[PDB]
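The chain below stands alone, shown as structure tokens; this is the form deposited in one PDB entry.
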């Protein structure tokens, strides 16, 4: 069961699926250990851990390198938030090849311009890619694949860009017909209005993916009611990690002692176990001259 196949099956499953954000090898392993069937390589969380902005500042090969360590450290599929493809169809298809090679299950591309701006920002230019063009990019990525099960998810930032339903629906149809394996309908509204609207008008033309970050209060079962195939928990490991580090850093700063953190944080032996140090020990005993 290759990772691509897994991700393909989750997207194609009538049953509602869940992938969780990870932004590095360590968090990739954790998401997997918790039982999640999938991982979301958040464009924002990856750039965030690096300390840069979610606006194509890190190079795409740097994004892929980060993701390489993530693939190596996980057995479950990683869908990478690949922004706009980092350029035209050619940059797009080249990225798809690097992704397959590293074991990454799929890439998600958004109909915006390079470089992009995070979707959660209010009052900022959020210009769209010409529909017909973005579709060819979708198709060029699909055509370029070597692995049939690799997934290409198209993201309609129409609602995000302030446009209406007709626009969103138009784009979705265009990219699904272009071969996309699922359509990601985004919105920043605090309510599920836009999703409710698209889904109603979509008439199950294809698996749909959503990012409930801004309307988190919405009852999950409601997504099943609408018939969404997969939900993406987009950035909570990143956000929790900050709290923990800010709180821990503050506490250690103030007390100039480790006394007040030792019991609130994981042990050194838990780290060693997450790196699979026992496997090296096994191997060391096996490939190193006994004495």
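Positions refer to the first chain, counted from 1. Note that the rigid core is defined as the largest set of C-alphas that superpose within 1.5 Å between two forms. Only residues modelled in both forms are compared.
Enquirer: Note whether residue 122 lacks coordinates in a third or more of the other compared entries that model its flanking residues.
Expert: Yes, residue 122 lacks coordinates in at least a third of the other entries compared.
Enquirer: Tell me which of 123-131 and 83-91 has the higher mean C-alpha B-factor in the deposited entry.
Expert: On average, C-alpha B-factors are higher across 123-131.
Enquirer: Given the B-factors recorded for C-alpha atoms, which segment has the greater mean, 7-15 or 267-275?
Expert: That would be 7-15.
Enquirer: Taking the values straight from the PDB record, which of 65, 33, 225, 57 has the highest C-alpha temperature factor?
Expert: If I rank 65, 33, 225, 57 by C-alpha B-factor, first place goes to 225.
Enquirer: Among 140, 161, 108, 156, where is the Cα B factor highest in this entry?
Expert: By C-alpha B-factor in the record, 161 ranks first.
Enquirer: Place residue 197 in the lowest, middle or highest third of its chain's C-alpha B-factors, as listed in the PDB entry.
Expert: Highest third, going by the recorded CA B-factors of the chain.
Enquirer: Sort the modelled residues of this chain by their C-alpha B factor and say whether residue 77 lands in the lowest, middle or highest third.
Expert: For residue 77, the deposited C-alpha B-factor lands in the lowest third.
Enquirer: Sorting by Cα B-factor within the chain, modelled residues only, which third would residue 256 end up in: lowest, middle or highest?
Expert: As the PDB entry reports it, the C-alpha B-factor of residue 256 lands in the middle third of its chain.
Enquirer: Divide the modelled residues of the chain into thirds by Cα B-factor and specify which third, lowest, middle or highest, holds residue 152.
Expert: For residue 152, the deposited C-alpha B-factor lands in the lowest third.
Same protein, other form: the form deposited in another entry, not shown, and the subject of what follows.
Enquirer: Once you align the rigid core, which of 176, 116, 94, 214 turns out to move its Cα at least 2 Å between this form and the one not shown?
Expert: The displaced C-alpha is that of 116.
Enquirer: Rigid core fitted, then: does residue 164 show a CA shift of 2 angstroms or greater between this form and the one not shown?
Expert: Where the cores coincide, residue 164 shows only a C-alpha shift between this form and the one not shown that is less than 2 Å.
Enquirer: Kindly check if the Cα atom of residue 126 is displaced 2 angstroms or more between this form and the one not shown relative to the superposed rigid core.
Expert: Yes: residue 126 shifts by at least 2 Å between this form and the one not shown.
Enquirer: Based on a C-alpha change of 3 angstroms or more, tell me if residue 168 and residue 125 lie closer or farther in the other entry than in the shown form.
Expert: Their C-alpha distance shrinks by at least 3 Å in the other entry.
Enquirer: Work out the direction of the Cα-Cα change for residue 121 and residue 63 in the other entry: closer or farther than in this form? It's 3 angstroms or more.
Expert: Relative to the shown form, the pair is farther apart.
Enquirer: Which stretches of at least three consecutive residues shift by 2 Å or more at every Cα between this form and the one not shown, once the core is superposed?
Expert: This is the sole shifted run between this form and the one not shown: 115-127.
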